[PDB]
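You are given structure tokens for the same protein chain in two forms, set apart as structure 1 and structure 2.
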Structure 1
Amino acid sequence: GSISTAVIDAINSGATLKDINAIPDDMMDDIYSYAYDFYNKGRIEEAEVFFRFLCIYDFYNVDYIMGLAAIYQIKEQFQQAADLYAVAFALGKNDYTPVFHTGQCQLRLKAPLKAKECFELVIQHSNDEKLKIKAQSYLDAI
């Protein structure tokens, strides 16, 4: 998956496609918009390939990671989604949406204590009042 590719790239330390600027920003933006065109039409499998492609080229990109994590969550691949949401948070530390969605995933993974920690973080640190209500609704059910 995306995470194992990132680790292999790091182990081998050899030149990556991004290291040589193999794909311009403008083309990456286009491919990202095509990925959502597929996603928005319900073509989830093609969207997944396109987000995997983006995450091979530029793994450390919150927008690409969040798109792939959403697909895994929809596909009920909850651990893969949770792992990617955590990468996104590490790279975009001021947005608690990935923490909220990780909480949902942990609930489906039968890890209510991990889910509780996620929803509590949202309520303590997010300034998104609507996201906080949603997190509290989950907490109320735990």
Structure 2
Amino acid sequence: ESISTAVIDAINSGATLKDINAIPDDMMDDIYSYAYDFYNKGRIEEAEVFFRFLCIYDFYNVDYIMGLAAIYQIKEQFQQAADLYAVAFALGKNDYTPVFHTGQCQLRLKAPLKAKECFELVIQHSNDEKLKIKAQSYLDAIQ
């Protein structure tokens, strides 16, 4: 019943609401398209309600969590953004983008220490060029 109940269950139950309600994949893909669409267009308030809905209906989806964490970061909700970034990362660990962003966040949360901890790790592990350049400047600019 009332969407919170559905959530507590799905948690305990270990599967996503997306599965539980058996929603098509072509549906969650059209919803993510729209969500993103807002996001790019800058509309953070609209983009957030879709990314929140997607994160609820599929708490395992990296693409979704990243979407929402971007949003939290934009609105300077740094801790939340970090929390979501961590998950995104555990859910991947092949991927280093959320590691960078965590760094950024640690910074704005006046924790310079942890901040560089993440940045060094990007450079070291990400094959992503554009991403090592960034990670490096933050490391140089911090000193």
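Here, a residue number simply tells you its place in the sequence of structure 1, counted from 1. Only residues modelled in both forms are compared. Between two forms, the rigid core is defined as the largest C-alpha subset superposing within 1.5 Å.
Colleague: What is the magnitude, in angstrom, of the C-alpha shift at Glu46 between structures 1 and 2 when the rigid core serves as the superposition reference?
Modeller: For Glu46, the C-alpha ends up 1.1 Å from its position in the other form.
Colleague: So if we fit the rigid core, how much does the CA of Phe100 shift between structures 1 and 2, in Å?
Modeller: Rounded to one decimal, the shift is 0.4 Å.
Colleague: Following alignment on the rigid core, what Cα displacement (Å) is computed for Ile8 between structures 1 and 2?
Modeller: Residue shift at the C-alpha: 3.8 Å.
Colleague: Give me the stretches of at least three consecutive residues whose Cα atoms move by 2 Å or more between structures 1 and 2 once the core is superposed.
Modeller: Core-superposed, the single displaced stretch is 2 to 22.
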